[PDB]
Amino acid sequence: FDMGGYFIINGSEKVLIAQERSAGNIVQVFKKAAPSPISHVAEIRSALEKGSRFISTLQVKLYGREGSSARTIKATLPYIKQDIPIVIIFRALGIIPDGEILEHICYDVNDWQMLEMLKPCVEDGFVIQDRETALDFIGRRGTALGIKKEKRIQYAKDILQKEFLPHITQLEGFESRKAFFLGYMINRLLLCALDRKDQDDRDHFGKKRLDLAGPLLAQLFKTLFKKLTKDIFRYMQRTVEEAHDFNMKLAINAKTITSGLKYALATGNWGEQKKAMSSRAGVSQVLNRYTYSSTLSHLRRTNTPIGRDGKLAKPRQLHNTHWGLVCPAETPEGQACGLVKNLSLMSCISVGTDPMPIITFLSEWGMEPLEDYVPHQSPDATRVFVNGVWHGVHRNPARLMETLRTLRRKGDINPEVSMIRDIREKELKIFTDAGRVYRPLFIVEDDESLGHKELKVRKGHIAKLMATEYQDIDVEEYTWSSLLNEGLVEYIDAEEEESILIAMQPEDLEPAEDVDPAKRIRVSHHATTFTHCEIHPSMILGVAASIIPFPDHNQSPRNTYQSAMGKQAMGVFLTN
Amino acid sequence: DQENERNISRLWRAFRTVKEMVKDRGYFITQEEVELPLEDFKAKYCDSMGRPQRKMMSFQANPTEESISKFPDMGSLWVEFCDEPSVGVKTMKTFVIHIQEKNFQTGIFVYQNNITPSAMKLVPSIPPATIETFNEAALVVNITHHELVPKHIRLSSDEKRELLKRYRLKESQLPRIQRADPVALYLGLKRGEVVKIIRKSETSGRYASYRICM
Amino acid sequence: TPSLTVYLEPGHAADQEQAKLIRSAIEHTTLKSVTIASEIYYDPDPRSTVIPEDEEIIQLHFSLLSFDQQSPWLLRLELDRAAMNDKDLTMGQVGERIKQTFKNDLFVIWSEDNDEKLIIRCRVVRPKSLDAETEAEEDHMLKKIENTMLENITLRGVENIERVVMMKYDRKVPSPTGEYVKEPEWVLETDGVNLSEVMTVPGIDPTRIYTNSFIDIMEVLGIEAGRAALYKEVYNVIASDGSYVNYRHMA
Amino acid sequence: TXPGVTXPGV
Amino acid sequence: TXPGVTXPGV
Amino acid sequence: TXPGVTXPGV
Amino acid sequence: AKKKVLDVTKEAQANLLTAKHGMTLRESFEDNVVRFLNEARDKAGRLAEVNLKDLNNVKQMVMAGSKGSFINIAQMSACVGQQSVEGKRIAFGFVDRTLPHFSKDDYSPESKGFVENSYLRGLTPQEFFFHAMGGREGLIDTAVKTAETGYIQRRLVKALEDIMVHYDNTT
Amino acid sequence: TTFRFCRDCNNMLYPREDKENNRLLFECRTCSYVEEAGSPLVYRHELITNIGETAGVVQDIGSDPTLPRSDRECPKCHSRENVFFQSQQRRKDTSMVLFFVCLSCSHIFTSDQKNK
DNA sequence: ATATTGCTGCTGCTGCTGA
RNA sequence: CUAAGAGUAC
DNA sequence: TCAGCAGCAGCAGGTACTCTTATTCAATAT
Ligand SMILES: [Zn+2]
Ligand SMILES: [Zn+2]
């Protein structure tokens with residue numbers, strides 16, 4: 001009955017709590033308070049997975065209040081002491097004419113409101129009219145201030161090549177892509193400033209990622225393996241300065257990796273021992289073995305590292321996007337209420353896949369490359385994103401989404417990959433990275449034979465599943481992966497869940513619609529355009545809440561109390 | 001002339017509050033002058049053109065017999081209204097020399113908008129003459145008639161001494177009232193002077209507190 | 001939530017229209033809440049305009065309407081009929097307010113209220129001293145004038161008055177025969193506190209005015225009145241949930 | 001302030 | 001001042 | 001002056 | 001009551017609704033809807049309370065004042081009511097909708113958190129989730145209030161610790 | 001406002017006062033390009049914006065399953081089926097008036113009564 | 001081989017000619 | 001000793 | 001006798017009570 005999933009460090013069973021964090025490579029726009037001189041800030045926490053994995057925050061801020069007359073947009077580049085005007089950045093990237101810059105930022109000629117709001121930027125940046133002059137300006141504003149005049153250009157180029165939007169590319173010759181993304185960021189900022197879209201919700205669970213054991217151990221090992229390789233160099237240089245024979249056994253030091261991993265798993269302090277008091281604590285905890293359900297709930301626990309003494313209540317509240325992903329009533333009741341969460345029964349976390357095959361698929365299926373994209377000649381084009389990197393535009397997104405869905409439902413694309421089509425915003429976002437939380441659902445198709453919407457799964461598939469289960473307790477095994485590979489069930493995360501319509505139960509909602517007065521009142525929703533169906537509503541509950549009998553006849557704090565108090569119940573935690 | 005009508009009405013209210021202040025300070029002002037009607041004021045202190053005049057609006061007051069018996073060291077008082085929105089140095093100098101040559105221990109100056117700091121510095125004149133400056137806008141409504149404001153009565157030196165004797169108090173052990181409090185300015189409190197505050201309590205009918213000016 | 005309470009004069013407490021008059025008198029309204037839009041046009045001569053829409057407006061006003069020193073640039077303001085309806089404002093009033101707030105430096109004309117569009121045309125009168133750089137920034141100068149004409153000027157009401165609402169309360173007035181009868185009155189609740197300026201507004205009862213902000217009460221009325229207001233606020237907090245605390249503790 | 005409720009300042 | 005309590009000035 | 005420490009004047 | 005809310009919604013969507021002096025159209029609409037739903041729950045609870053006989057045990061406990069209230073009888077027998085977070089109806093956590101099981105721009109009572117079922121009849125999954133959101137709000141509010149009250153109480157006691165009535169009756 | 005750009009260097013043009021002919025002009029700030037003025041409007045500021053409420057309508061707006069359907073009269077096709085949505089202007093003081101797009105003609109008609 | 005050392009809360013000044 | 005974590009009653 | 005403007009940067013956090021777990025390295029010289 002033991003399920004595993006934990007480490008044994010010095011004879012103690014240690015479990016790694018999932019760590020919640022904000023998603024990377026996503027443009028988020030936030031309104032600022034009245035006292036601050038900046039009104040709106042558009043930021044991206046750019047990060048690259050196959051490189052230095054360093055966090056470099058780009059913030060495109062909009063100075064001036066609503067009543068102010070001088071509304072200038074300024075970007076905050078890393079390793080720069082001052083917020084450079086955006087038009088100077090465009091000119092430094094290699095876009096001199098103002099017409100081209102305003103084309104990059106704004107995609108609609110008839111949108112004269114945005115041009116009116118954006119004219120102060122070009123008025124401010126008129127003083128610079130040359131790419132080399134713009135690089136000189138950035139170097140002059142460069143915080144190093146330890147470079148001679150004609151060598152400032154090299155430092156500015158290095159900043160714009162390796163520090164500005166690293167998640168796009170670190171190589172040279174890709175200035176247009178970065179300029180396009182900067183224009184997109186400024187476009188989002190102005191759309192928020194123009195009272196056309198709301199500020200991004202920080203609590204949206206589709207904008208969060210859970211680091212499981214994998215990524216945590218991955219970044220811990222990188223620091224430890226960096227220290228070992230650096231120590232080989234100091235020895236190699238010392239043993240080469242002394243002109244002695246070099247032996248590989250003497251160079252390596254296994255104690256480094258061994259002690260680092262053992263210390264990081266034995267204590268919550270997640271990093272190097274000397275870097276304690278600055279490292280996150282409580283990542284690794286002693287596994288609870290009071291009761292079997294206590295062990296299960298501990299192995300499915302997620303923590304959000306917000307203070308715990310902070311007096312803000314919004315992170316703790318149960319958000320709408322938590323539906324089906326975390327237990328609605330299974331939180332601790334002290335200072336960690338809402339900050340510590342528990343996964344639902346059927347919610348999973350992606351492990352991440354390589355995005356290159358999907359990029360090849362998109363290029364094959366007719367994605368126009370971003371390098372030669374002219375918005376004026378293609379006004380009604382849909383932007384295609386992969387893992388937050390804008391790769392190009394498509395002119396027939398409907399057929400593209402149809403073929404991507406067909407590919408994912410036959411197993412060609414990994415089922416963990418999440419594809420979202422925002423029709424109103426005209427965007428296509430594909431995510432393959434790790435950390436996304438998803439759940440399975442039934443797929444509903446047209447079913448022209450019956451002339452009305454119906455679930456794809458039928459009694460034949462249920463019979464095959466029952467037969468396979470009975471044999472387990474010979475035919476081709478009909479497992480869960482059989483349903484997944486045959487396009488009967490689907491994996492949906494909180495991002496894709498924004499763009500679907502779900503039926504709560506198949507019987508009362510799929511078919512077109514004297515009643516028992518004892519039965520609860522239900523509605524038919526008076527609408528038939530469903531795309532998916534819930535496998536069962538009771539799967540929104542977690543491990544601890546799934547023990548409660550008739551939880552829907554109870555007041556919710558009582559259910560929370562029982563979910564917290566069943567882990568203290570006394571029983572048989574293991575048979576051995 | 002709606003602006004002129006509102007200006008003259010505000011000036012009439014300010015005049016009423018000034019007379020009420022002078023009467024409450026303990027000088028001989030008859031009750032009729034306080035309750036002067038609008039038509040009589042417009043006939044007397046306003047010309048035919050409709051513009052009110054301030055130069056003839058100034059007046060003088062003297063202590064009454066009871067205040068003389070209780071405060072034997074205070075004499076006549078002068079109240080002046082100015083015309084120009086900003087009172088210049090020359091006008092303030094004329095006012096202070098007139099106060100000095102007329103032997104007034106206290107003189108209230110009333111201004112329209114503001115006093116230049118070059119005159120604010122010379123506002124403190126040769127003692128014992130004290131110059132108190134008030135704004136007409138601050139004197140449109142008599143704050144002491146608000147129900148939240150209880151009754152303030154200035155105490156004589158002998159009364160303060162008896163109060164400190166009976167309660168065995170030091171000077172600093174009394175509750176404090178700032179020498180910028182609106183009622184303190186209204187009554188012209190100087191530092192060290194104690195005001196008795198009569199209040200309508202709800203546990204007992206009447207409660208008497210005391211506040212020393214600071 | 002800084003709020004203020006105004007009680008009407010006893011002789012006109014139940015007069016609903018007098019309450020409406022006082023509410024309009026104290027409520028703050030600026031052009032930002034009235035002007036639908038603002039534009040800058042070019043007119044070669046300040047007698048006939050090149051816009052056919054206000055060409056009817058000029059054949060009213062220019063017909064009704066020194067002009068050699070007026071800028072060719074013109075600032076046009078479109079107002080809202082509904083804003084002029086729910087708020088007791090008219091075209092003459094706003095024109096007078098603009099003319100007062102910008103002195104003679106701005107030649108202002110306003111469409112009559114019976115016109116289909118409420119339009120105000122403002123030109124910057126050219127001072128007899130000729131300028132070579134102000135002409136280039138006459139666009140900028142007019143924009144600056146427009147900016148200080150949107151949010152920096154006021155039509156009516158005293159400052160810091162976000163919004164006024166009227167309520168019908170019922171107090172206990174001693175009847176002439178002896179009993180305490182339930183007499184209704186009209187009371188003004190106000191968002192924002194400007195006690196010093198509201199208290200002096202004619203038509204209200206200056207004695208009975210009250211404010212949640214006991215700091216303003218203390219700095220206007222005195223330390224004793226501030227103490228009374230502080231006690232009242234503490235008592236409201238204590239009795240909000242129905243609890244009762246003896247007087248002496250809060251005192 | 002404080003902390004909490006540095007200084008001010010510092 | 002300072003900062004805190006630039007300069008003055010700058 | 002300046003600004004800071006317009007002009008004078010303007 | 002649901003029909004009355006639907007009529008008010010129809011009037012609001014046709015722009016025939018006039019805004020109350022001092023608030024926007026949307027605020028007036030939300031105020032009217034919440035008032036109607038609250039009075040609906042109160043009326044249903046009053047009917048349920050009137051029905052209960054004198055031998056009813058919950059009725060007996062309420063009559064004695066030992067435990068329970070009218071609202072408990074109403075929620076257990078008649079209708080749980082309107083679920084609110086931060087003093088407002090359930091917000092659109094998703095884009096323009098509370099849950100992915102409702103269409104966009106749905107302002108109906110069931111869409112924004114009205115629980116028309118009692119605890120005896122049981123709650124549908126959407127009503128269950130909305131009730132969970134409300135209960136979470138209550139728990140967070142309690143946890144914040146206890147700490148705030150403790151801090152305030154300490155500060156007050158430290159301020160006034162030295163005040164004493166003396167033998168001349170002064171404080 | 002219809003801001004226009006130079007055709008020589010593709011740079012922005014600013015409005016300018018002309019002395020000789022007393023007319024509005026448009027001038028380049030770096031290459032001195034000069035041309036006439038199409039309209040006298042040079043600056044527009046909307047305190048109450050009317051457009052943008054129907055923004056986001058696309059030729060396949062009916063493919064969005066989340067959008068609600070209705071059977072209201074279409075005064076260009078007289079068809080029943082259509083998709084409806086509230087105003088897209090996210091200002092908190094906007095009205096709750098609905099907009100309807102017919103899935104067979106793509107004509108946008110509102111539920112307003114004062115407008116109709 | 002064994003021991004020493006590398007969310008919340010504020011605070012304050014400098015300067016005229018011109019017109 | 002220090003640090004960290006899980007809590008119990010408010 | 002009066003009209004116009006600016007600069008910055010810093011952490012902890014209600015009252016009691018119970019329990020468990022882990023605790024900084026490597027090199028040089030006597
Ligand atoms: Zn050019
Ligand atoms: Zn149609």
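Chain letters run A, B, ... following the sequence lines, proteins first and then strands; every chain starts at 1. Just so you know, these numbers use all the heavy atoms, side chains as well, and skip hydrogens, waters and symmetry mates.
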Are the aromatic ring centres of [X] and [Y] under 6.0 angstrom apart?
X        : Y        : result
A:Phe385 : A:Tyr184 : yes
A:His104 : A:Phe181 : no
A:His40  : A:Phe30  : no

Whether the side chain of [X] engages the backbone of [Y] through a donor-acceptor N/O pair (distance < 3.5 Å, no angle test) should be reported.
X        : Y        : result
H:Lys76  : H:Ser106 : no
A:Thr321 : A:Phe205 : yes
H:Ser111 : H:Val97  : no
A:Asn387 : A:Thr432 : yes
G:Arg97  : A:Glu498 : yes
H:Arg44  : C:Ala37  : no
H:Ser63  : H:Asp60  : yes
A:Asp108 : A:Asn110 : yes
A:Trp390 : A:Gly392 : yes
H:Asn10  : A:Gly99  : no

For A:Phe54 and A:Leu48, run side chain to side chain contact (heavy atoms under 4.5 Å, CB included): C-alpha distance rounded to whole Å, both residues' side-chain angles, the deciding distance at 0.1 Å, then the answer.
CA-CA 7 Å; A:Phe54 77 105; A:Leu48 71 165; 3.7 Å; yes
Do the charged groups of [X] and [Y] touch, with an N to O distance under 4.0 Å?
X        : Y        : answer
H:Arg90  : G:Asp96  : yes
A:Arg436 : A:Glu416 : no
H:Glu35  : H:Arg7   : no
A:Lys61  : A:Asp83  : yes
H:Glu27  : H:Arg29  : no
A:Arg177 : A:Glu371 : yes
A:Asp380 : A:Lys426 : no
A:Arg91  : A:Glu100 : no

Step by step, work out the side chain to side chain contact (heavy atoms under 4.5 Å, CB included) result for H:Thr54 and H:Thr110.
CA-CA 10 Å; H:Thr54 48; H:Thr110 187; over 6 Å; no
Would a 4.5 Å heavy-atom cut-off, applied to side chains only, mark [X] and [Y] as touching?
X        : Y        : value
A:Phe90  : A:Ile101 : yes
A:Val384 : A:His391 : no
A:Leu62  : A:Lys32  : no
A:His532 : A:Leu501 : no
A:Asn187 : A:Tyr107 : yes
A:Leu118 : A:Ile73  : yes
G:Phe102 : H:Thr66  : no
A:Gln28  : A:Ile44  : no

Write down the atom of [X], the atom of [Y], and the distance for their closest heavy-atom approach.
X        : Y        : result
A:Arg188 : A:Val27  : NH2-O, 3.1 Å
A:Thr528 : A:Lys453 : O-NZ, 4.3 Å
A:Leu441 : A:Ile502 : CD1-CD1, 3.9 Å
A:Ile96  : A:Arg131 : CD1-N, 3.4 Å
A:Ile88  : A:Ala134 : O-CB, 3.8 Å
A:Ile153 : A:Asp136 : CD1-N, 3.4 Å

Answer yes or no on whether [X] is positioned over the face of [Y], meaning its NZ or CZ is under 6.0 Å from the six-membered ring centre and within 45° of the axis.
X        : Y        : answer
H:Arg16  : H:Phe26  : no
A:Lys119 : H:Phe3   : yes
A:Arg71  : A:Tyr63  : no
A:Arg409 : A:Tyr491 : no
H:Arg72  : H:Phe84  : no

Please walk me through it: do H:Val101 and H:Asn82 pass side chain to side chain contact (heavy atoms under 4.5 Å, CB included)?
CA-CA 6 Å; H:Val101 189; H:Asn82 60 354; 6.0 Å; no
Passes side chain to side chain donor-acceptor pair (under 3.5 Å), H:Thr1 versus A:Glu116? Steps please.
CA-CA 8 Å; H:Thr1 312; A:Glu116 287 271 19; 2.9 Å; yes
Around atom [atom1] of [X], are there more than 12 heavy atoms of other residues, nucleotides or ligands at under 6.0 Å?
X        : atom1 : answer
A:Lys162 : NZ    : no
A:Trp365 : CH2   : no
H:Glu46  : CD    : yes

If we count only N and O atoms by modelled type, under 3.5 Å, do the side chains of [X] and [Y] hold a donor and an acceptor together?
X        : Y        : result
A:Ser418 : A:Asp493 : yes
A:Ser378 : A:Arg395 : yes
H:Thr30  : A:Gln129 : no

With salt bridge (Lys or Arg N to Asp or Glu O under 4.0 Å) as the test, pick out the partner of A:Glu496 among A:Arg421, A:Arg408, A:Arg405.
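The salt bridge (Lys or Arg N to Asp or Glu O under 4.0 Å) with A:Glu496 is passed solely by A:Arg408 among A:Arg421, A:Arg408, A:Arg405.
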Whether A:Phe180 and A:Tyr373 hold their rings parallel, tilted or perpendicular, with breakpoints at 30° and 60°
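Rings of A:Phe180 and A:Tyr373: tilted, 30 to 60°.
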Relative to each other, are the rings of H:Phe109 and H:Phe100 parallel, tilted or perpendicular (30° and 60° limits)?
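Ring orientation, 0 to 90° scale: parallel.
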With rounding to the nearest 0.5 Å, note down the distance linking [atom1] in [X] to [atom2] in [Y].
X        : Y        : atom1 : atom2 : value
H:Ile61  : H:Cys102 : CD1   : SG    : 12.5 Å
A:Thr531 : A:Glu490 : OG1   : CD    : 8.5 Å
H:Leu98  : H:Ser70  : CG    : OG    : 8.5 Å

Start with the C-alpha distance between A:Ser46 and A:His167, add both sets of side-chain angles, then the distance that settles side chain to side chain donor-acceptor pair (under 3.5 Å), and finish with yes or no.
CA-CA 6 Å; A:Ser46 185; A:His167 77 277; 2.6 Å; yes
